[PDB]
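Take a look at this single chain, the form deposited in one PDB entry, given in structure tokens.
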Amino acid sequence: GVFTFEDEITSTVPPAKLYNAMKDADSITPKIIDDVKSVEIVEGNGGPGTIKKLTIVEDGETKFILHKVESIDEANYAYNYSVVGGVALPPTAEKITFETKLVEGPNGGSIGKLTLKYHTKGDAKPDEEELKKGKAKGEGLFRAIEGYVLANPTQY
């Protein structure tokens, strides 16, 4: 079944810049996250439905994570993707979706909503430790991208 979790977040970066940076995560992520070595497209043009393979290092071991691009709403500053395979996917989960949606915040920044949707296999529910890890993945990426934009303000 489906279990949704939402976190509100803020940034001093305006939402157009963050949104462009999020759209370039394939490029940015390997540079700024040490453990991410590469992002490769398996099928698609980059837009919704595209399947990607991330190569990472975990505990000194090379591993893969599979992503699927879900949605892109430019108008609403929205970028959505799912984990569909690999170590970031718990065995009790079919998939975990990570949505990010931004609006204008006071004084030129952004107000964010990060959403995790866990599609479970059975009636089984996400446990607490797995929710922690999902939130850390979701927010960690958002903050990483944010940090890149704070360091390269003219780029986006």
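Quick note: we count residues from 1 along the sequence shown, nothing fancier. Superpose the two forms; the largest set of C-alphas matching within 1.5 Å is the rigid core.
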> Comparing 27-35 with 116-124, which stretch shows the greater average C-alpha B-factor in the deposited entry?
Replying inline: 116-124
> Where do the C-alpha atoms have the higher mean temperature factor in this entry, in 44-52 or in 107-115?
Replying inline: 44-52
>> Per the entry's Cα B factor values, which of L131, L102, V57, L89 stands out as the maximum?
In response: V57
> Lowest, middle or highest third: where is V84 by C-alpha B factor in its chain?
Replying inline: middle
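Not on display, but discussed next: the form deposited in another entry.
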>> Please determine whether the C-alpha atom of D127 is displaced by 2 Å or more between the shown form and the other one following superposition on the rigid core.
In response: yes
